[PDB]
Structure formats: structure tokens, C-alpha cells
Amino acid sequence: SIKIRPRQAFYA
Amino acid sequence: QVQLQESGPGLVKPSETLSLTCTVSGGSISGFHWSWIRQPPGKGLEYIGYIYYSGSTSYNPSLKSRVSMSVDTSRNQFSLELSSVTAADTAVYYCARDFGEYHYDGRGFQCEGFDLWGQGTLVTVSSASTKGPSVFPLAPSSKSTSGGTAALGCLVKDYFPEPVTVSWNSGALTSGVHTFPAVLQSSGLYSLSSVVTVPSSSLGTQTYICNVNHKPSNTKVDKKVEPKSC
Amino acid sequence: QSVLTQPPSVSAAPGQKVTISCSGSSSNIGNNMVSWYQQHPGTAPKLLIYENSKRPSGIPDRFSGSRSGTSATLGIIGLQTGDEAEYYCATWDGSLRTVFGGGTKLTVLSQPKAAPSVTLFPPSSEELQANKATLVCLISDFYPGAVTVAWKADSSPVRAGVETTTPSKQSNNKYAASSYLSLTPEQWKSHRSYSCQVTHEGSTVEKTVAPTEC
């Protein structure tokens with residue numbers, strides 16, 4: 001559904 | 001500016017548990033998935049698993065019966081525990097930060113790559129027992145019609161740790177000598193071989209000796225290598 | 001074979017361009033995006049390409065990536081000696097893990113290609129008296145420094161018992177490697193021959209030995 005790019009912090 | 005640093009024991013006894021930690025500095029565990037990847041010496045890369053900052057994990061099925069990971073967001077560290085290790089687990093272990101695709105169905109995070117890596121730490125699964133090699137002569141094969149050149153060798157079998165030195169005829173013989181780097185076997189022990197190519201004409205008038213020295217065990221062998229066959 | 005497959009080696013002269021294939025399937029490349037790594041021996045892999053075609057900062061534009069179907073491609077233009085390294089592709093596989101290709105050694109040609117010399121020794125009578133048997137295959141003077149080794153028992157492939165070293169640079173700048181086949185004395189005595197087959201630049205040099213006593 002969504003890309004997590006390098007260096008991209010992600011909080012589900 | 002984020003840096004990752006592995007910490008680990010170096011040597012682990014077979015059947016025991018390998019524990020590693022990765023420290024993240026200049027950044028934080030928060031908001032990322034984190035992995036361990038390993039590489040046996042001379043071989044390819046194997047992903048071990050990932051852990052999200054909140055603690056959810058996914059492990060390589062090949063390792064599921066032995067592996068776990070944990071995260072200490074407070075210390076900005078995460079860890080690996082691998083049980084029941086054998087020589088197959090000897091490898092450089094890297095910690096890394098992950099990226100990929102996140103699904104809001106059951107799939108969750110699909111790890112597609114690793115953008116930040118630690119420097120890696122070697123873990124050697126071994127009893128660390130000092131063991132001298134057996135030395136076997138590798139006789140030149142039977143060859144007729146003047147014979148041309150002959151190849152004679154020595155097999156330096158099952159020693160630990162590195163290194164071993166080999167000379168021929170006490171160093172008098174260097175032309176045509178080739179000593180090969182060791183293989184690290186699934187037994188955790190090393191073996192290597194040395195070969196010298198010599199004229200066939202003098203196989204009867206020249207004696208060939210391989211002088212092997214494994215300093216750790218004080219094992220010195222001077223092995224005569226001669227043509228066989230009746 | 002592993003989930004992702006790459007050619008073991010590729011080479012070209014400085015200033016030339018090369019491509020490296022990454023062969024996958026519907027369970028990986030078909031569904032997920034490919035990343036690529038450059039690894040100089042002794043150091044960690046470095047990310048070169050992500051999401052099939054994107055370059056991180058610091059990676060020069062002469063590196064490129066693409067994906068089509070269930071395959072991917074790394075392109076390198078303007079080869080420099082410093083580009084010599086092992087290159088890996090990777091992505092997520094539906095078996096629920098990240099998978100890597102087996103790696104491709106890139107050589108930037110700096111001398112004539114050279115086929116390996118192969119020497120094969122049977123188990124010694126001394127080893128056989130210790131109830132062991134090792135076949136020793138010594139491989140030297142080859143360039144580029146990549147070979148694939150296959151062993152045959154009579155005319156049949158053997159897989160179990162083989163340990164092969166990484167190629168190492170010789171004083172003369174060509175390469176050496178060795179391959180060891182561990183057998184029981186019964187196996188050694190019960191085949192008519194064994195062969196060590198070394199493939200380099202698509203050409204195979206093989207040696208054969210057979211049990212012989214007095």
C-alpha cells in the first residue's frame with residue numbers, strides 16, 4: 001500500500 | 001550521520017547461543033525496521049530477520065527454530081540471539097536499517113533492502129582447541145615419454161588456528177612452488193595444500209621434502225614426497 | 001539454486017560498460033522492488049540502487065537499475081578500476097524473507113584473460129590408512145579471478161563433500177583457488193574415477209584420477 005523509502009521514518 | 005555498531009563475543013562454542021547487539025548513534029531506533037544479515041567467509045549474504053521499533057518481528061524461515069531478536073528503544077539498541085550454533089553459523093554479522101513496502105493487510109512490512117549497515121562483526125563457531133595438522137604426501141602421477149614436468153604436493157590437513165607455513169627442500173626450491181590459501185571446512189578446521197612442479201628427469205636423483213610448520217601447536221613435519229606405483 | 005540468480009562474473013575493459021542480470025520469479029521481483037549492493041571484500045555492502053531504478057545520494061549516475069517482468073538489471077557505464085567488487089541484487093520474497101542473489105564479481109580487465117591450470121591429486125595411501133580420503137583440486141594462473149567447480153564421480157555429479165576456496169590473487173596478478181572433495185575410502189574405491197571440472201569464461205578444464213595400488 002505504501003513505500004517506505006530509505007531514511008524514511010514510518011509510524012504505522 | 002546515523003551510525004550502526006555491532007557488539008559480539010567473537011568465538012562461540014558449538015551448541016551454545018550466539019548473542020549480538022547493534023547500537024544506533026546519531027539517530028534512533030524509533031520509526032524504523034532493523035535487521036541482521038550474515039555472510040560466511042567467501043560466501044553470499046543471508047537475511048536473518050527484522051524487528052520494528054515497537055517490537056514486532058519477522059524471521060527467515062530457515063532460522064525460525066533458533067533465532068529471536070529484541071529491541072531496546074531506550075538504549076537505541078537491538079539484538080540477535082541464535083541458538084544451537086554450529087560451524088555453519090560462522091560468518092560476519094551485520095546490523096542494518098531497512099526499507100521496503102508496508103501493507104495494511106496481513107502482509108505488514110515487506111523488507112526490500114538495507115540503506116544503512118554496520119561494519120560487521122566476525123563470529124567464529126569453534127571450540128578453539130589448538131590442533132596440529134596431519135601432513136600427507138601427494139605423489140607425482142605416473143607419466144611416461146620423458147615425463148615432461150611432474151607435479152608433487154603436500155596436503156596439510158585439519159589444523160587450527162591459522163596460519164601454517166610450507167617450504168620445499170628447506171627453501172632451496174622456490175621455482176615452480178605454489179602454496180595455496182587454506183579452506184575452512186564445515187568441521188571448523190583448516191586444510192591447505194602446496195605443490196611444486198619439477199623436471200621429470202631428476203625424480204630419481206633429487207629428493208623432495210615439504211617442510212610444514214604450524215606454530216600454534218609447535219607441529220613441524222618434514223615429509224618426503226616420492227613417485228609411487230609399482 | 002537460490003531464489004534470486006545472478007551470473008557469477010562479468011568483466012570489461014576500463015571505460016567500457018556492463019550489465020548484470022538478476023533472475024527472479026513471481027514470488028519476488030514480480031511483486032516487489034529490487035535493491036542492489038556493491039561490496040568490496042572486507043567491508044559492508046553499500047546500497048547502490050533501490051526501488052528498481054533510484055540512486056541514493058553519493059552514487060554516481062553511471063550506475064543504473066531497471067526491472068522488467070520477474071527480472072532486474074544493473075548497468076555500469078564508464079568502468080573504473082575502483083568499480084571492481086561483488087554486486088548483489090535483493091528484494092522481498094513471498095516465502096516471507098528478504099532474498100539476495102548469489103553475487104556477481106565484476107572485473108575491470110587489466111591483463112589478458114587466462115584459463116586455469118588444474119592439478120588433481122587422489123587420496124594418498126597414508127590418508128587412506130587413517131580411514132579418510134580427500135581429493136585435492138588445485139587451480140591456478142587464471143584471470144579474471146572467478147571459476148565454477150564441478151565434481152563428477154564416474155559420470156555423475158557429486159554435491160556432498162565439496163569445499164572450494166575463494167580465488168586469491170597470485171604474485172603474478174592472476175588468481176588461484178582450490179577445491180577439496182571429502183570421501184570415505186569405500187566411495188573412493190568403488191568408483192572407477194573422479195573428475196574435477198573447472199569452468200572459466202565458459203570453457204571447462206577437467207582432470208581425472210582413479211584408484212591405483214600395487
# chains A, B, ... in the order shown; residues from 1 in each chain; ligands from 1
>>> closest_atom_pairs(of="chain C", to="chain B", cutoff="7 Å", atoms="only C-alpha atoms", output="tab-separated table")
residue	atom	partner	partner_atom	distance
C:33	CA	B:112	CA	6.5
C:34	CA	B:112	CA	6.6
C:35	CA	B:113	CA	5.7
C:43	CA	B:119	CA	6.7
C:44	CA	B:119	CA	5.7
C:47	CA	B:115	CA	5.7
C:90	CA	B:113	CA	6.6
C:91	CA	B:112	CA	4.3
C:92	CA	B:112	CA	5.0
C:96	CA	B:60	CA	6.9
C:97	CA	B:60	CA	5.3
C:98	CA	B:111	CA	5.9
C:99	CA	B:47	CA	6.8
C:100	CA	B:45	CA	6.4
C:102	CA	B:44	CA	5.7
C:103	CA	B:44	CA	6.8
C:121	CA	B:138	CA	6.5
C:124	CA	B:138	CA	6.2
C:126	CA	B:136	CA	6.4
C:127	CA	B:136	CA	6.6
C:163	CA	B:185	CA	6.8
C:164	CA	B:183	CA	6.9
C:165	CA	B:183	CA	5.6
C:166	CA	B:42	CA	5.7
C:213	CA	B:229	CA	6.5
C:214	CA	B:230	CA	5.6
>>> select_by_dssp(residues="stretch 17-132 of chain C", states="alpha helix (DSSP H)", output="VMD selection string")
chain C and resid 125 to 129
>>> closest_atom_pairs(of="chain C", to="chain A", cutoff="9 Å", atoms="only C-alpha atoms", output="CSV")
residue,atom,partner,partner_atom,distance
C:50,CA,A:6,CA,8.1
C:51,CA,A:5,CA,8.3
C:56,CA,A:6,CA,8.3
>>> atom_distance(atom1="atom CA of residue B:207", atom2="atom CA of residue B:149")
15.4 Å
